[PDB]
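Structure first, commentary second.
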Amino acid sequence: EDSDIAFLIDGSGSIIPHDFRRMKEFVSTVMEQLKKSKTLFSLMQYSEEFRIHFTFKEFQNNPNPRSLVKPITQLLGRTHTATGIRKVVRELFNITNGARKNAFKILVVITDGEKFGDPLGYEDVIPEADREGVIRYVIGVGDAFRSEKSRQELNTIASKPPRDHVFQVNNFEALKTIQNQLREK
Amino acid sequence: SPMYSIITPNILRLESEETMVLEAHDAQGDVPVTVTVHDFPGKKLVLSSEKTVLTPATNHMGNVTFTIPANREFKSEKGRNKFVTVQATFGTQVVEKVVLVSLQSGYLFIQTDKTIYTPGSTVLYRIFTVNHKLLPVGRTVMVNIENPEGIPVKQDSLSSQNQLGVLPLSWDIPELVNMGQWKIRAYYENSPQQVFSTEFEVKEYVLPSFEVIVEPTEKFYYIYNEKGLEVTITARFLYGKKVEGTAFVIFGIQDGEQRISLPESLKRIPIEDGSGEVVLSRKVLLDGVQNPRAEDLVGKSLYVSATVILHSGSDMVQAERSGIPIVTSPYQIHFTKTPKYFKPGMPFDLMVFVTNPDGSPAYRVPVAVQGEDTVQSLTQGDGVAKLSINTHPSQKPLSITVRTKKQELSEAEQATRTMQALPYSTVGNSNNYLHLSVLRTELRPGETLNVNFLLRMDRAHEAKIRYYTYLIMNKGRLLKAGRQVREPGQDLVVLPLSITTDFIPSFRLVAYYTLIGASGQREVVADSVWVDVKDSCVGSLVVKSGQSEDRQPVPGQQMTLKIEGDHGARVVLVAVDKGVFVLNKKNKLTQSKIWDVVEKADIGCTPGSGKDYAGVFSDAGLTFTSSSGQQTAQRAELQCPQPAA
Amino acid sequence: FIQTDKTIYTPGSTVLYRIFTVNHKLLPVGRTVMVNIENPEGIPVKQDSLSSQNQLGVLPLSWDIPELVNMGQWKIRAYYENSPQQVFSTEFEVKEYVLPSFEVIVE
Amino acid sequence: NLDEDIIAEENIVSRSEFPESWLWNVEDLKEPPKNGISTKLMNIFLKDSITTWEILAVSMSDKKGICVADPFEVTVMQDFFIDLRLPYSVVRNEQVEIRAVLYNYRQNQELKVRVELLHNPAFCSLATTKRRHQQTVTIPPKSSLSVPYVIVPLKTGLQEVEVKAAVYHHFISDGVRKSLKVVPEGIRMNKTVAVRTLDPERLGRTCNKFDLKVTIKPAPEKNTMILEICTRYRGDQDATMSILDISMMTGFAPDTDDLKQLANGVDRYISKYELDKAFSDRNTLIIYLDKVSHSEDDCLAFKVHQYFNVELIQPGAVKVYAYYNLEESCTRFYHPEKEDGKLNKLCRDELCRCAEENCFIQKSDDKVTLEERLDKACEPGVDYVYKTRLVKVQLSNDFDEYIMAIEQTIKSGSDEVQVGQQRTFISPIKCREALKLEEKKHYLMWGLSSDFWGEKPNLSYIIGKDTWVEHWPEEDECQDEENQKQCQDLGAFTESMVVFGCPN
Amino acid sequence: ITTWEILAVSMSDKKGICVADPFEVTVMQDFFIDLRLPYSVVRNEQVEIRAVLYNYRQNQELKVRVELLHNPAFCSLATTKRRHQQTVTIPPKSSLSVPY
Ligand SMILES: *[C@@H]1O[C@H](CO)[C@@H](O[C@@H]2O[C@H](CO)[C@@H](O[C@H]3O[C@H](CO)[C@@H](O)[C@H](O)[C@@H]3O)[C@H](O)[C@H]2NC(C)=O)[C@H](O)[C@H]1NC(C)=O
Ligand SMILES: *[C@@H]1O[C@H](CO)[C@@H](O)[C@H](O)[C@H]1NC(C)=O
Ligand SMILES: [K+]
Ligand SMILES: [K+]
Ligand SMILES: [Mg+2]
């Protein structure tokens, strides 16, 4: 089977630079320790404006993740989470960027759980990921769990069940649930 | 006093890549620009796309690639038009512009297997989901099967995500059912006011054994034509073998949807080697005259039904040709492809449509404009000549009446049509102009189109214009823009514009230059031209036999099918008995029916130029906004015409 | 052997139905079979004749229920081409209803 | 903007997929067998429907043959959810009722919900585009609440309804999104006169078992009113147990003790729990009757109290039927000023649109300058801006008609208006007095192209949420020093609108 | 025995969409029956029909035996006991129609 892995990081100002560094480094480790067959990686940084830091084509041609992740900055915008997702499903999972049909499609949403200024809601874009069939792993950060409505924003983003998908970034055993879900898949 | 210019479509479609072009004429330094899209009214920042800076290294040009996000905002029942405020900030200067927006996400194309079905049959239909660029998109659609009454008798809600733009469907037709024209309506989830339709007939029938073609020699009836109504009857079996039978032909007249039968006209005619000739004799028609009104008859049409019976006895076929116009004029002239506005003292290029009375083009017809005794021209196979007339430099409205000069026709017959063309108003009527000239011939992707920039002004200013900035608007979007450098003194420059597959089937091209003219005022002159492109697919699809074993097929014979086409492309098939079509051929899917809707979808309103340089952009469907204060008037209507659609 | 997805349907619903063809030794075969869909009146409003070899005795089928249709007890009669007296049946009901939220049991 | 602590409706992924059956699947058993058993594990998705999913299967191997299975049960639910209960055969253009039941299976935690009936242009609801309809409620653990919602099916066919309920100081939200069939009547033959000029210019080349009189009256001495019902049966012999479903005008509750007083009443009974239910969200009441009479009026009445203050109030609803038969029911809606309790809509030959949004664009703001005045006049939406004089007035129950005298066409739009012309502007009856409008007065007015009632030339005008109207006095009525500021901005609005025209 | 139009519709992701020109295909034999059966009929309502033998052989008339088979749901002269046959001679390139 075909392992298509996408990565969506928040860059909003609410992301303190230390949270942000953890994100970039955790992603790079996620890919690194996901060194395994037939896995493809693409990334976009999301805030109030979006910019895909690498596509799948650019990844099959460049396997070194550290080379892909170093140049990434913070955006310091607003937080258009909902809009970011249609940018993931409509662009990253397009055949034009490398997307293969009948592949295991996973989205890694890495944010603190605070959408703001987004004109789009979730009731259009979440059922979209499900009608397209993308299994959504969410990685909350900093104080993504201090508040109540943030952490539920996460389960709102994460596919069900959220206990199996919602994880903190510093936790090192966020991969093994998925690293393993493929070993006989 | 630096000038900042921004340009975008007259209408902004949601969930689609639109482009915005940025230029900074003659302003020093790397110049940053930030554009943001705001609700109208307020500071909602619907979109603020990426950072861009216009460098002298790049001659102060960059563009903005952006897609408008939706926020579920429109109005049902009565429809009010939605708007957004675009905001451009060149460093400190802010240039703002209120733009219309449309919900329409893309296109949807309904294929049924065939045109006509019987009670108890399955209607197989596919639906074709494409974006504004005829590329696959995935949205939910709603499919309704609506009888002649209009009542949905089957409805569904389905998504096209990862179905490659094809939604194979079906619906089973009931034994007890209303006969007539049934519909298939579909529409994207996002944009329901935009309905896509196809009709199909439901009648109790059995396929025949032979087809009958009743076809008159010439497409109309000249009112004084001595020969009368001459018709060639072709009757043949479906495999290509000629039929033996008898024919029964009655005549009738058709007025809009009001039809008047001619019972004395019915004549029985033998069948001669699977072909025939038949005449409505001048002698036949006149006996028992009815509501003759010779002068009045022009403008109506005639229908003729033949009921053909085999010589063996098994199958009878009723065939009919309807819509036969009784003319004084073999033709009709229309100005539908003609610009309404001209550059005074410059050539005026007409695409007059010579039309045969049913709608078909006219082949090898000499035509000319009354007056200008100098020259006459000849119609192509399309019934169109590029009558290029010389304007006299003068601000009188130019009035043109086109007549045909087709030999072997009466001079009264010759078809005529009149229009009036109005001068491009110059700023204070300073009569500094721009003329775009480009040769109008069916342009194929891969051909090079030379673009001619004609500059008209005193020597005081001509050295100032040092490049021209050009723009190609296609299918409702800005496709390419750039600059062609100019050196002081060349009044005319040509851009060898190489034509690509994006340009299909046609496009308009606008362009402009800027300077600081009379009364210290920054001045911009622009001009626009519609260019048609060879109609075809972006890619290509060919079906031929895959067995170099030529032979004619046999019931139950095996066959190998060869499909040649673009790599990775998905191909859906269907094989229909040609015999079906003898009973119905309407709403059959064609590459043509694609393009005809598409061109309807265009936002441009005039084939050419406009009343003034503002009308250029508006008539083309474009917004220009500059830091100086010059910008396009506002567009509040979705449709163009003087009589609305 | 007839499997319908549901036992009761709304006008305008899609009826999904499978037929299992086996001999008296209960083995899947591919053979020619006639399918008759009878309305409450009993009147066969659809028929079809197909063979299942290399469909493994499985005849997956589909029927669109008309919006205007007589409600009541519908049947599915079907038979081998060769043995018409040997007819096998299944019913299914057509009525306008909504799925309930709880059940009621009287004992 | 009172409280910031709820999940936005805009982010409430509803329940979407409710198939009455699915997974018609066909899968093959390729697995290396152990014990003589190939084992297959098909990871799938769980539909947005809360029910136990029964799974039925059949193994057709050519070697052993067919094999039915032991059905499999997958028990699906959430702690807190909704299910929505609708009819099936509803009729377009007829006001109806729905009921939404939120269940709470949390064992010990009560809940406070803000739930919105979601706006739909296919339905005449209380929910305009911009004016939400959010009801706030509280739930006892291991209990569910019935919420009524009366609507008008404005269109035909497969219409979906949505309701999104969000909670406070807790986690989940939910949303129901459920379709059904809407259909037409076709009579349009109500007491027609022989030639009523109903025809257009360009065409052409029901309670049969029950008597039910319900009237809600007011009280003598927050606010309390009387509910009155008056019922009978039409037949040869008296009828069996009849039932009443009664639902509360938004934020209403009956008088707990008069409720008790009535239940001891003859031929009547309401169990204790729906009778000692709490005043917190006591909202829907069911009363069962021993029998009902075919011989005369047996009425009933009792008190209702206002628990929460909102200006606009859903009609109450009362549905009565014999114990055995629901489908031959009779439903009435009540409202004290709305006769027969029906929402205001606007109707022509077979079309209607919902007239229930704010009467006109909100007045009395601190800002009345030219700056905002022009901005709402320079918007593209403004099709027409006129200045007329209130000439005639048709007042009626339904709507109240103001006959306006256009002398000048300031800015025509998609309108072909002649000079010295008389045109019909409408205002709903609920709005009439709020407008403080008098004849003989000039008015400078504006609206949109969408706000035109009819087709040409037998047209009318409608004052909507965003229509702007303002009276214009005479020359002898603006010379006052007090009235300067108004007539100042009137003169400068006009001239700069006139001279400059519209900007674009 | 006729001529089919086969239509191919294709869409790639980048090469847009293309409905190709039709492809005709001609089912035609030397000798065959055209069998002229109504859409429906009424039960117990007698009519005739026609089975038209097409002798599209080149240069030889054709002595054929024309025949029907036994459906006990119809009353014709054919049985398993006694059949219902003519014996007919067809010139080349012609259409002989047998009544039943
Ligand atoms: C907006 O900017 C885009 C990139 O900044 C630009 O895209 C470029 O579009 C041109 C179209 O002319 C393409 O140019 C050439 O591509 C190949 C290159 O070998 C040639 O064979 C062609 O003939 C063609 O001239 C670029 O490939 C394309 N590049 C990218 C990265 O998109 C848009 O054209 C710009 N549009 C506007 C309106 O400014
Ligand atoms: C019939 O007339 C009454 C008023 O007399 C009105 O309330 C009702 O809406 C009308 N019904 C129809 C179907 O027009
Ligand atoms: K045939
Ligand atoms: K249920
Ligand atoms: Mg932030």
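Identifiers in the structure tokens: chain A, B, ... in order shown; residue index from 1 per chain; ligand index from 1 in order shown.
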Protein and nucleic residues near ligand 5, 6 Å, only C-alpha atoms and all ligand atoms, as a list in words: residues 12, 13, 14, 78 and 79 of chain A
Selection near segment 139-152 of chain B, 7 Å with only C-alpha atoms, sequence-local residues under 5 positions removed, as a VMD selection string: chain B and resid 157 to 161 180 to 189
At a cut-off of 12 Å and counting only C-alpha atoms and all ligand atoms, what residues surround ligand 4? Please answer as a PyMOL selection string. (chain C and resi 98-103) or (chain D and resi 15+17-21+47-53+76-77+82-86+176+178)
Could you save the residues just selected, with N, CA, C and O atoms, as an mmCIF file, in the first residue's frame?
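Output file selection.cif is given in full below:
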```cif
data_model
loop_
_atom_site.group_PDB
_atom_site.id
_atom_site.type_symbol
_atom_site.label_atom_id
_atom_site.label_comp_id
_atom_site.auth_asym_id
_atom_site.auth_seq_id
_atom_site.Cartn_x
_atom_site.Cartn_y
_atom_site.Cartn_z
ATOM 1 N N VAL C 98 -40.923 6.539 8.917
ATOM 2 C CA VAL C 98 -39.642 7.027 9.424
ATOM 3 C C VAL C 98 -39.069 5.992 10.396
ATOM 4 O O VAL C 98 -39.800 5.340 11.152
ATOM 5 N N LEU C 99 -37.756 5.818 10.359
ATOM 6 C CA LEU C 99 -37.134 4.956 11.354
ATOM 7 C C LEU C 99 -37.508 5.427 12.766
ATOM 8 O O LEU C 99 -37.342 6.620 13.077
ATOM 9 N N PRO C 100 -37.997 4.537 13.647
ATOM 10 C CA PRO C 100 -38.212 4.898 15.061
ATOM 11 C C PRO C 100 -36.905 4.987 15.865
ATOM 12 O O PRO C 100 -35.814 4.715 15.350
ATOM 13 N N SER C 101 -37.029 5.376 17.145
ATOM 14 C CA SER C 101 -35.882 5.558 18.035
ATOM 15 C C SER C 101 -35.813 4.574 19.187
ATOM 16 O O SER C 101 -34.736 4.429 19.775
ATOM 17 N N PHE C 102 -36.930 3.913 19.515
ATOM 18 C CA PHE C 102 -37.033 2.854 20.513
ATOM 19 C C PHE C 102 -38.085 1.834 20.072
ATOM 20 O O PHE C 102 -39.007 2.162 19.314
ATOM 21 N N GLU C 103 -37.982 0.608 20.606
ATOM 22 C CA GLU C 103 -38.923 -0.482 20.310
ATOM 23 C C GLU C 103 -39.855 -0.779 21.493
ATOM 24 O O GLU C 103 -39.585 -0.389 22.625
ATOM 25 N N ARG D 15 -24.373 15.603 12.567
ATOM 26 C CA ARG D 15 -24.572 14.247 12.121
ATOM 27 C C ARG D 15 -25.188 14.314 10.740
ATOM 28 O O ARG D 15 -26.188 15.016 10.513
ATOM 29 N N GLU D 17 -24.801 11.251 7.957
ATOM 30 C CA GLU D 17 -25.184 10.038 7.231
ATOM 31 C C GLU D 17 -26.134 9.163 8.049
ATOM 32 O O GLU D 17 -25.735 8.601 9.081
ATOM 33 N N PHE D 18 -27.380 9.016 7.561
ATOM 34 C CA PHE D 18 -28.437 8.211 8.198
ATOM 35 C C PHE D 18 -29.071 7.271 7.165
ATOM 36 O O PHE D 18 -30.264 7.394 6.826
ATOM 37 N N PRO D 19 -28.303 6.289 6.674
ATOM 38 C CA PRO D 19 -28.878 5.313 5.751
ATOM 39 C C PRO D 19 -29.781 4.344 6.479
ATOM 40 O O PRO D 19 -29.473 3.871 7.575
ATOM 41 N N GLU D 20 -30.900 4.002 5.862
ATOM 42 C CA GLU D 20 -31.629 2.963 6.554
ATOM 43 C C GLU D 20 -30.981 1.586 6.391
ATOM 44 O O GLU D 20 -31.436 0.635 7.020
ATOM 45 N N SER D 21 -29.910 1.469 5.612
ATOM 46 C CA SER D 21 -29.209 0.224 5.334
ATOM 47 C C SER D 21 -27.992 0.544 4.482
ATOM 48 O O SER D 21 -28.015 1.483 3.694
ATOM 49 N N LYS D 47 -21.186 5.195 10.745
ATOM 50 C CA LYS D 47 -22.042 6.235 10.223
ATOM 51 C C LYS D 47 -22.525 7.151 11.336
ATOM 52 O O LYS D 47 -22.522 6.797 12.513
ATOM 53 N N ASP D 48 -22.942 8.352 10.933
ATOM 54 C CA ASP D 48 -23.411 9.364 11.861
ATOM 55 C C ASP D 48 -24.852 9.056 12.240
ATOM 56 O O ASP D 48 -25.729 9.921 12.157
ATOM 57 N N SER D 49 -25.105 7.828 12.655
ATOM 58 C CA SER D 49 -26.415 7.436 13.124
ATOM 59 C C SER D 49 -26.196 6.576 14.358
ATOM 60 O O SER D 49 -25.303 5.715 14.380
ATOM 61 N N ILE D 50 -26.978 6.887 15.405
ATOM 62 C CA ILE D 50 -26.864 6.302 16.743
ATOM 63 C C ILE D 50 -27.996 5.296 16.899
ATOM 64 O O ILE D 50 -29.180 5.658 17.038
ATOM 65 N N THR D 51 -27.580 4.035 16.866
ATOM 66 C CA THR D 51 -28.371 2.821 16.848
ATOM 67 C C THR D 51 -27.373 1.681 16.943
ATOM 68 O O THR D 51 -26.179 1.898 16.721
ATOM 69 N N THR D 52 -27.812 0.515 17.413
ATOM 70 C CA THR D 52 -27.016 -0.687 17.223
ATOM 71 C C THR D 52 -27.178 -1.162 15.780
ATOM 72 O O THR D 52 -28.299 -1.268 15.244
ATOM 73 N N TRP D 53 -26.014 -1.384 15.157
ATOM 74 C CA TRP D 53 -25.868 -1.796 13.763
ATOM 75 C C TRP D 53 -25.818 -3.320 13.719
ATOM 76 O O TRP D 53 -24.844 -3.938 14.166
ATOM 77 N N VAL D 76 -23.548 1.566 19.109
ATOM 78 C CA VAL D 76 -22.981 2.903 18.893
ATOM 79 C C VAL D 76 -23.782 3.932 19.687
ATOM 80 O O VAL D 76 -25.024 3.872 19.740
ATOM 81 N N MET D 77 -23.059 4.871 20.314
ATOM 82 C CA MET D 77 -23.673 6.038 20.935
ATOM 83 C C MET D 77 -22.580 6.978 21.449
ATOM 84 O O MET D 77 -21.382 6.653 21.443
ATOM 85 N N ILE D 82 -28.602 14.209 20.018
ATOM 86 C CA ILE D 82 -29.927 14.641 19.591
ATOM 87 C C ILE D 82 -30.489 13.515 18.731
ATOM 88 O O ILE D 82 -29.743 12.763 18.096
ATOM 89 N N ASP D 83 -31.800 13.427 18.651
ATOM 90 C CA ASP D 83 -32.357 12.796 17.468
ATOM 91 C C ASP D 83 -33.549 13.649 17.112
ATOM 92 O O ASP D 83 -34.195 14.212 17.997
ATOM 93 N N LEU D 84 -33.810 13.775 15.829
ATOM 94 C CA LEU D 84 -34.837 14.675 15.354
ATOM 95 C C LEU D 84 -35.967 13.852 14.781
ATOM 96 O O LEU D 84 -35.731 12.913 14.011
ATOM 97 N N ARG D 85 -37.190 14.201 15.167
ATOM 98 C CA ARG D 85 -38.358 13.419 14.803
ATOM 99 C C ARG D 85 -39.295 14.275 13.968
ATOM 100 O O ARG D 85 -39.816 15.301 14.439
ATOM 101 N N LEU D 86 -39.499 13.839 12.731
ATOM 102 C CA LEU D 86 -40.197 14.576 11.706
ATOM 103 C C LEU D 86 -41.377 13.761 11.213
ATOM 104 O O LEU D 86 -41.485 12.564 11.518
ATOM 105 N N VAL D 176 -28.011 17.532 14.094
ATOM 106 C CA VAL D 176 -28.833 16.679 13.246
ATOM 107 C C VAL D 176 -28.997 17.356 11.890
ATOM 108 O O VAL D 176 -29.076 18.579 11.810
ATOM 109 N N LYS D 178 -31.325 16.161 8.563
ATOM 110 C CA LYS D 178 -32.176 15.044 8.146
ATOM 111 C C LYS D 178 -33.207 15.489 7.115
ATOM 112 O O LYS D 178 -33.950 16.449 7.344
#
```
Within 9 Å of ligand 3, counting only C-alpha atoms and all ligand atoms, which protein or nucleic acid residues do you find, written as a count of residues only? 13
Got a sec to tell me which of segment 27-72 of chain C DSSP assigns to strand (DSSP E or B), as a VMD selection string? chain C and resid 28 32 to 38 44 to 51 58 to 64 72
Contact set, chain E to chain B: 6 Å, only C-alpha atoms, as JSON, numbers by chain: {"E": [2, 3, 4, 5, 6, 7, 8, 9, 10, 11, 12, 13, 15, 16, 18, 19, 20, 26, 27, 28, 29, 39]}
Give as a ChimeraX atom specification the residues surrounding ligand 2 up to a distance of 10 Å, considering only C-alpha atoms and all ligand atoms. /D:93-94,185-192,339-340,342,347,349-350
Selection to disk with N, CA and C atoms, as a PDB file, in the first residue's frame:
```pdb
ATOM      1  N   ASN D  93     -45.808  24.974   1.598  1.00  0.00           N
ATOM      2  CA  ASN D  93     -46.647  26.141   1.835  1.00  0.00           C
ATOM      3  C   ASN D  93     -47.775  25.809   2.802  1.00  0.00           C
ATOM      4  N   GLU D  94     -47.391  25.232   3.940  1.00  0.00           N
ATOM      5  CA  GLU D  94     -48.313  24.999   5.048  1.00  0.00           C
ATOM      6  C   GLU D  94     -47.481  24.846   6.313  1.00  0.00           C
ATOM      7  N   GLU D 185     -50.008  21.229  -2.946  1.00  0.00           N
ATOM      8  CA  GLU D 185     -51.458  20.965  -2.868  1.00  0.00           C
ATOM      9  C   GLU D 185     -52.154  21.065  -4.228  1.00  0.00           C
ATOM     10  N   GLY D 186     -52.175  22.268  -4.819  1.00  0.00           N
ATOM     11  CA  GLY D 186     -52.711  22.503  -6.158  1.00  0.00           C
ATOM     12  C   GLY D 186     -54.111  23.103  -6.312  1.00  0.00           C
ATOM     13  N   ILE D 187     -54.790  23.491  -5.227  1.00  0.00           N
ATOM     14  CA  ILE D 187     -56.196  23.889  -5.337  1.00  0.00           C
ATOM     15  C   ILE D 187     -56.280  25.326  -5.832  1.00  0.00           C
ATOM     16  N   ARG D 188     -55.750  26.259  -5.039  1.00  0.00           N
ATOM     17  CA  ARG D 188     -55.787  27.678  -5.343  1.00  0.00           C
ATOM     18  C   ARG D 188     -57.163  28.104  -5.866  1.00  0.00           C
ATOM     19  N   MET D 189     -58.214  27.622  -5.218  1.00  0.00           N
ATOM     20  CA  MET D 189     -59.569  27.844  -5.717  1.00  0.00           C
ATOM     21  C   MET D 189     -60.481  28.363  -4.623  1.00  0.00           C
ATOM     22  N   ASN D 190     -59.941  29.164  -3.728  1.00  0.00           N
ATOM     23  CA  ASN D 190     -60.619  29.580  -2.502  1.00  0.00           C
ATOM     24  C   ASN D 190     -61.461  30.804  -2.827  1.00  0.00           C
ATOM     25  N   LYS D 191     -62.772  30.594  -2.933  1.00  0.00           N
ATOM     26  CA  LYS D 191     -63.742  31.674  -3.020  1.00  0.00           C
ATOM     27  C   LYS D 191     -63.366  32.683  -4.110  1.00  0.00           C
ATOM     28  N   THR D 192     -62.942  32.175  -5.269  1.00  0.00           N
ATOM     29  CA  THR D 192     -62.565  33.055  -6.372  1.00  0.00           C
ATOM     30  C   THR D 192     -63.796  33.756  -6.966  1.00  0.00           C
ATOM     31  N   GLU D 339     -53.457  35.818  14.320  1.00  0.00           N
ATOM     32  CA  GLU D 339     -54.655  34.993  14.346  1.00  0.00           C
ATOM     33  C   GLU D 339     -54.319  33.593  13.843  1.00  0.00           C
ATOM     34  N   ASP D 340     -54.842  32.581  14.523  1.00  0.00           N
ATOM     35  CA  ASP D 340     -54.501  31.178  14.293  1.00  0.00           C
ATOM     36  C   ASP D 340     -53.007  30.941  14.345  1.00  0.00           C
ATOM     37  N   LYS D 342     -50.132  31.907  13.049  1.00  0.00           N
ATOM     38  CA  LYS D 342     -49.359  31.559  11.872  1.00  0.00           C
ATOM     39  C   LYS D 342     -48.322  32.643  11.593  1.00  0.00           C
ATOM     40  N   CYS D 347     -47.416  35.814  -0.140  1.00  0.00           N
ATOM     41  CA  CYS D 347     -47.904  34.776  -1.033  1.00  0.00           C
ATOM     42  C   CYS D 347     -48.501  35.338  -2.322  1.00  0.00           C
ATOM     43  N   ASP D 349     -49.506  33.324  -6.555  1.00  0.00           N
ATOM     44  CA  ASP D 349     -50.332  32.228  -7.064  1.00  0.00           C
ATOM     45  C   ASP D 349     -49.983  30.869  -6.446  1.00  0.00           C
ATOM     46  N   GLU D 350     -48.703  30.480  -6.483  1.00  0.00           N
ATOM     47  CA  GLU D 350     -48.250  29.318  -5.722  1.00  0.00           C
ATOM     48  C   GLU D 350     -46.926  29.543  -4.993  1.00  0.00           C
TER      49      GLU D 350
END
```
Write as a VMD selection string the residues around ligand 1, taking 7 Å as the cut-off and counting only C-alpha atoms and all ligand atoms. chain B and resid 19 to 21 62 to 65 478 to 482
Residues within 7 Å of segment 97-104 of chain D, please, as a PyMOL selection string. Count only C-alpha atoms; anything in the same chain fewer than 4 positions from it doesn't count. chain D and resi 79-86+141-151
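For chain C, the residues having at least one atom no farther than 12 Å from chain B, when counting only C-alpha atoms, are residues 11, 12, 13, 14, 15, 43, 44, 45, 46, 47, 48, 62, 63, 64, 65, 66, 67, 68, 69 and 70 of chain C.
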Identify every residue of chain D that has at least one atom within 7 Å of any atom of chain B, counting only C-alpha atoms, and report the result as a ChimeraX atom specification. /D:121,380-381,450,504
Any chance you could export the current selection's C-alpha atoms as a PDB file, in the first residue's frame?
```
ATOM      1  CA  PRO D 121     -34.251  29.824   2.663  1.00  0.00           C
ATOM      2  CA  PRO D 380     -24.359  48.529  -5.070  1.00  0.00           C
ATOM      3  CA  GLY D 381     -27.258  46.731  -3.510  1.00  0.00           C
ATOM      4  CA  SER D 450     -34.313  41.878  -4.970  1.00  0.00           C
ATOM      5  CA  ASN D 504     -19.635  54.275  -9.683  1.00  0.00           C
TER       6      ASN D 504
END
```
At a cut-off of 12 Å, list the chain A residues touching chain E, using only C-alpha atoms, as a PyMOL selection string. chain A and resi 94-99
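For the atom pair formed by atom CA of residue 442 of chain D and atom CA of residue 383 of chain D, the distance is 20.1 Å, given to one decimal.
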Report as JSON, numbers by chain all protein, DNA and RNA residues lying within 12 Å of residue 135 of chain A, evaluated on only C-alpha atoms, omitting residues in the same chain fewer than 2 positions from it. {"A": [3, 4, 5, 6, 89, 103, 104, 105, 106, 107, 108, 109, 126, 127, 128, 129, 130, 131, 132, 133, 137, 138, 157, 158, 159, 160, 161, 162, 164, 165, 166, 178, 181], "D": [44, 45]}
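Reported to one decimal place, the separation of atom CA of residue 299 of chain D from atom CA of residue 312 of chain D is 27.9 Å.
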